[PDB]
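One structure below.
Protein chains in written order, with our numbering: chain A, 1 to 553; chain B, 554 to 1106; chain C, 1107 to 1659.
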């Protein structure tokens, strides 16, 4: 509802009630591991490969992103969230009249260099910054000398000053004087005087003074950050205002990988390397690190680690989030070429419905040209990236893996045992001339097959997405709406429209639209419905029978 | 009925009787606070933001109003009531014979400057006022001198007098006198000579005397306020009738901020400042201000203060007016960032059905780029502005707040505890990809959950509005009128109409119209009915069931 | 209805009545900015480029206007409104017994030169006005000496005089005397001699008199402004009535840049420059300027300032007008080459549906040929001039900009983030043989897709124009009319006509005739209507499935 005009009117008029009501999940994937770049305990959004490669410099995580976006040829590249577990810290140094610190966290940041060798021809400090790892070697100049002022009056001498607040060194005035008497002054507080443009215009208006912006950087710096001048003579010189600090803020805020801070006057200093870059140490538990993905919209998450304690932690994490209204599922892999007994031990230890285990490990072809021999959990990453590429309520059963080879080629009996015990395994298809690798099943670690919801990943996915979407939509729409007689009818219409839309997308098989019984009483709304869940075929029986046909003529 | 004519006529005629029957609610939010303007102890009604700014010059109260009208972007800006706690007084100067007084209340009025001059060409005074804080500067040039008299006769002398009467201390007569006799008298004490224009017209009647209006023109003064003159020669002079008092009242009564009144004799004096401009003491007890309210119709009220004594006094006030047939409610808040244990205390101290406590405090962006970080009761103002924007029997549950940021981000457990202690709380949602702020629930401080009327603001508001309108309309129409034998059916029709009208606007759910009963005996209007109350959803139960379906071909 | 004749007559006749009924939006663009000429706090309509140049001599506001007219080559150059922020004042001087004031406001007025001389060859005064900046130069030679008076008789004495009205010192008479007493006198206050040529002719008609007008310019001064003459001999020479200053006024009242007025005696003076030309300084807040735009007529407005205070002031202003009944929308640009963080912080500061942000800044090939490198808000002007060329309901999405170059050329990921966060951005289309630049979207600062009316400029513009036009027409047509039986049908027919005209102009998609319903009750009229919104294509899904085909012979 949107009545127009918003102000009530009592005299004769016309009124209009504009109404826009009614006219108006991606199943995100997550990764955690290590990298040579990006800040710690900070989650990011990954859309392009170039963006991630610029942020995440290198390591196993970048390979895991490339495998996830490459593990599904026939699907799109889905959005992925990533973060760094290492407690890295940046390089920082004290030089000149400033304190410098780098933004990249890690041992690589030590190679950063900052200097202010002065080019006396331009009377400015030539800021050269270098980062040899990134091939970043750029030269900046024209720091200071923002603009000129010159005096051409008939008096004997003239002088001008910039008066600061002594306790904070904040510029508050610009005073032009002859001797000790002010020709005119421009208080730099509260008004158009806050910027250098007003000073330039007002000074230009006076016939006795000139003010023109220099081609050494059109900064237009604020007037509060100007330098402190103390009765500098103006008659013979076109005196240059500098404001070196404010010029560093303006010209180097978003240039390079360098920040600046004050403990002072800025002076020249030599080009010096930064120190204190540290990769840090791993955390005792990953549960604090996993908390950053609590509310980021992630559904599938895969830790880049083969340790059982990390797997159990993640399992407790995804359980707690699902119980808190953030459903999630996890896929893990046990290192390199583990035997079946190790896999059964891991499955017994976990025994989580919302966790899956990958048995096979193999080699993959990367864009770098490396035939990277990866552990099982990178295959779990590839599988998560395939699942994300799939829509809601789809299964990854008998989908291709696009692998180059596998360390272990399991026989029929071995694959059957792995599937029975509740571990995901991968087979090599030698039946045809065009051999390929594919996934045999997507069973969870919870091995009780009697209950398909828990056992099947697709069913539990469809259930969690349906429930969470229906819960959010009902919470947003109907709570706080009046308990009018038509409320029950509106609720039943909305439910039917939501279930008919889900059936259109094939996220659910079918539902009886007649059995949607809504009951309303006071603040409570009691709703009952039936849904047939979308399932995936996994066994076909053919009772072929042969018969005899008699032909006549 | 009203016959035409009302008085009977006995002769043969036609008599007409005409019946004009059958052919022919607002919600207001109150505010109390401090500001740089406005009278003390005065209930001011506001409709326009410009009106509030002009009256309330600046301060917290104007910001509160702006927040209240800015907290409902969709809904109409309803009338709001404001009041100043400060016992301010206006500036005045006892300079010369004139008691200069200013309209504005406070210390700002002291800046006013008032002075007088005189122009000898037209023999008329001048007056000036300088209030440059409001960009105000006016000069009343050539005060007085409404019209001229000149002589054109043959007598040997030509004078006019304006007689001053000691009994009335005013100008009583204006007479043209020559020698020792009156040429023609114009008695100002009565008749059409109460205005000057009668005198101007009648002077022209004489062959020997004529009159004309002044070139300045529009003064149009009462003859009783003319100045005292005795036989001023007009033989060959166009002497102006000065009339200084009347033109002093006209140029300064509604013009500007400054009024004038004589204490003494009128004389010019130079420019001088005003004195006595006092903001005034903030009284400890707010009951001195709450009691000043009346039958305006206000419902909601927020005090702009964190004090317990203020909140208790407001609670006692609203309860008293409710018991006195003027239902009201309040919303309060406590300073900045109070912990839960303090908020529990405040709710236990209040425990009022007609008071609500706000937990959160935060920041709001205003028109003039003001990132105003505000105490909790300003949020309570914002809530009361939302509530006024919402129509009768609606609630503020799950609605947006449009707040910029919040101090306390409460988790689900914290909100649950706050709701269980009857404290309204505001939440920042992380479930949706696009995050936003919104209100949790409209729970009151009173904590008997079996009573939804008192527990819930919306139900209590709807019940009070229904009862108040019903009782008013019944008292107006039927109750207390002369007794007749056929009033029960008409009362029951009126009641049913009223119920139908309530049901039409969704103020009630339904009503069993067949169960309405009316009994009359003497002057006892016995009514009994039933109503199904309005309610707003707060809990949704979805019982989902999964089943398997078989398909044949 | 227009009756004929307008005066009824009771006698037998024929009366004719005539009704001329049935015989018979612009979306104006607004600008505020800097200029070197024009009055302060004054709005001017501008369609002709010569008018805009003359009004605004030069600055950034003239360049903005020229860009707007030239930002849409394939559209009509329509009306634009413009205001000058600078509080300039004009140059003035007092010399020669005359008050001199210039029509140009600012420092440019100081170059004006004015001087007065006398011509010995005709006994007449001379004037010269020069403004070297416009190369303006004109000489009003032989000022005064309006007409001669000659006498031809043989009497000893022949004199004429010009007398004045005492109360005003204006020329009231022109007396001719021969011997000792008058021959004829030309009364000037009232009669047949209001003009001096009538005096010239009648003097010519007299037997012993002659008179002729000075040919230098068609003076034809009215006789009120003639100089005083007393007993000036006629028989000596054909004496001139000079009246130098009145003739000067009549010659230069509406010509040239300079105006003149009396100081008192007037005498010549040397050719000298003027004084007092000043531009002043801009105010802190531009909101006081916007009041003049309250009832001018316009939809789009763009201030020429990158400061956030101006933007917040305009945002507030357009919100106030929208709540009043005259909605507007504001387009702004984020300074020079600002990074994504600054754009985000500006978007988060505005967060208004009726405000749109522009990110890209670049160069435009001006008509002068200069490679004018300009800030973002000049691009926002260009977009505002394209939106004003666009018809109602259209969108600036994918429309060509005709820009020369851009400072920042973005990646696909950067463009997507700029779109998603409610910032208008531009891409450099490189794949074509004809490379160019196109607008990607017209999304507003308000960043929620739930309401396309608030989130899209075109939809919101169509809704606002529709509501305003319907409100105006309904209020003009049916308020104050009679509540006749066919009132509801007439209203329905007028709405259908109006919606069918909208649908014809493609301002709406469609509407259902059945939903249009008119309810009459008392002094009110409730109307229910439906319209399908017009929309712009912003997403095209295509599905291409190949199939086999078999050919027989």
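Think of the CB as a built atom: it goes at the ideal place given N, C-alpha and C, for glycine as much as any other residue.
Cβ-based neighbour list, residue i, same chain, cut-off 6 Å, excluding 5 preceding and 5 following
i: residue 1107 (chain C); result: 1123 and 1125
i: residue 1223 (chain C); result: 1232 and 1374
i: residue 1459 (chain C); result: 1550, 1552 and 1560
i: residue 512 (chain A); result: 530
i: residue 1144 (chain C); result: 1161, 1162 and 1190
i: residue 233 (chain A); result: 159
i: residue 1040 (chain B); result: 1073
Contact list for residue i against chain C, beta-carbon separation under 9 Å
i: residue 506 (chain A); result: Neighbours of residue 506 (chain A) on chain C: none; closest Cβ ~16 Å, over 9 Å.
i: residue 927 (chain B); result: Within 9 Å Cβ-Cβ: nothing; residue 927 (chain B) doesn't reach chain C, min ~17 Å.
i: residue 922 (chain B); result: 1414, 1415, 1417, 1418, 1419 and 1455
i: residue 164 (chain A); result: Those within 9 Å of residue 164 (chain A) in chain C number zero; the least Cβ separation is about 22 Å.
Counted within 10 angstroms of its Cβ, other Cβ atoms place residue i as buried (16 or more) or exposed
i: residue 311 (chain A); result: buried
i: residue 929 (chain B); result: buried
i: residue 193 (chain A); result: buried
i: residue 120 (chain A); result: exposed
i: residue 1453 (chain C); result: buried
Residue range of the unbroken beta strand (DSSP E) whose run includes residue i
i: residue 1479 (chain C); result: 1477 to 1479
i: residue 853 (chain B); result: 853 to 856
i: residue 116 (chain A); result: 113 to 119
i: residue 333 (chain A); result: 329 to 333
Own chain partners of residue i with C-beta closer than 8 Å, once the 5 adjacent residues on each side are dropped
i: residue 275 (chain A); result: 91, 92, 93 and 110
i: residue 100 (chain A); result: 92, 93, 94, 114, 258, 259, 260, 261 and 274
Residue i: first and last residue of the uninterrupted alpha helix (DSSP H) it sits in
i: residue 452 (chain A); result: 452 to 455
i: residue 900 (chain B); result: 893 to 903
i: residue 311 (chain A); result: 308 to 323
i: residue 842 (chain B); result: 840 to 843
Contact set for residue i: own chain, Cβ-Cβ below 7 Å, skip 5 residues either direction
i: residue 1564 (chain C); result: 1499, 1500, 1501, 1548 and 1642
i: residue 563 (chain A); result: Beyond the ends of chain A as shown, which are 1 and 553, falls residue 563 (chain A); an answer cannot be given.
i: residue 143 (chain A); result: 124, 125, 127, 244, 247, 248 and 251
i: residue 534 (chain A); result: 393, 462, 506, 507, 508 and 509
Under 8 Å from the C-beta of residue i: neighbouring residues of chain C
i: residue 987 (chain B); result: 1553 and 1554
Residue i: contacting residues in chain A (beta-carbon distance under 7 Å)
i: residue 1063 (chain B); result: 485
i: residue 983 (chain B); result: 295
Restricting to runs no shorter than 3 residues, where is the beta strand (DSSP E) found entirely within the region 780 to 821 of chain B?
782 to 786 and 792 to 794
Whole beta strand (DSSP E) elements within the region 1571 to 1659 of chain C, 3-residue minimum:
1623 to 1627 and 1630 to 1634
Entirely within the region 19 to 64 of chain A and at least 4 residues each: give me those alpha helix (DSSP H) ranges in chain order.
49 to 55
Taking beta-carbon pairs under 8 Å, can you tell me which members of the region 1082 to 1105 of chain B lie near chain D?
Of the protein chains in the structure, A, B and C, none is chain D.
Mind listing, in chain order, the continuous alpha helix (DSSP H) runs of no fewer than 4 residues lying wholly within the region 722 to 769 of chain B?
749 to 756
Along the chain, which unbroken stretches of the alpha helix (DSSP H) at least 4 residues long are found entirely within the region 389 to 437 of chain A?
412 to 421
Starting from the N-terminal side, write out each stretch of the beta strand (DSSP E) that is 3 residues or longer and does not extend beyond the region 681 to 715 of chain B.
689 to 696 and 700 to 704
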